[PDB]
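Consider the single chain below, provided in structure tokens and representing the form deposited in one PDB entry.
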């Protein structure tokens, strides 16, 4: 297999993989992003996300005829105390393509991206019940991050943003 940065041509594949992840998590209807959205947010002159994809030889394409079987979606964030961070948002490999070393390689690639960018750390969320992924991550140096407890996460949606913006 090959792990490479995505191209505008892979947007179709990214949306498909994003939907597989959502379905794996039983929330597929939650995905309202469109292919057009990804192309614009990801390959426009200013990307709001970066993506790595795992491509397999055409001989081993998915039954649907897809060469892309995995991806990692990330962006850089900032911590006023320590600086640059690489934030891994989504990470998924299609069932039939797991346990082959694709995910490990994607993580290796991300780690290089992090060092090249001089990020001091990579952060990410893992569902509490997902022992397999927790083990995967902790076998590769991951540790628990306690910076968020004692804190509440809030959101201000578009309706109120617009109101505030125009008061």
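Positions refer to the first chain, counted from 1. Between two forms, the rigid core is defined as the largest C-alpha subset superposing within 1.5 Å. Only residues modelled in both forms are compared.
Note that the form deposited in another entry isn't included here; everything after this is about it.
Go through 108, 60, 140, 118 and flag the only one whose CA is off by 2 Å or more between the shown form and the other one, rigid core held fixed. Among the listed residues, the one whose C-alpha moves by 2 Å or more is 140.
Indicate whether residue 131 shows a C-alpha shift of 2 Å or more between the shown form and the other one, with the rigid core used for the fit. Yes: residue 131 shifts by at least 2 Å between the shown form and the other one.
Kindly check if the Cα atom of residue 161 is displaced 2 angstroms or more between the shown form and the other one relative to the superposed rigid core. After core superposition, the C-alpha of residue 161 moves 2 Å or more between the shown form and the other one.
Work out whether the Cα atoms of residue 148 and residue 51 come closer together or move farther apart in the other form than they are in this form, the change being 3 angstroms or more. Compared with this form, residue 148 and residue 51 lie farther apart in the other form.
Residue 121 and residue 152, C-alpha gap in the other form relative to this structure (3 Å or more): Closer, not farther.
Note down every stretch of 3+ consecutive residues with C-alpha shifts of 2 Å or more between the shown form and the other one, superposition done on the rigid core, in sequence order. Residues 126 to 167 form the single run that moves by 2 Å or more between the shown form and the other one.
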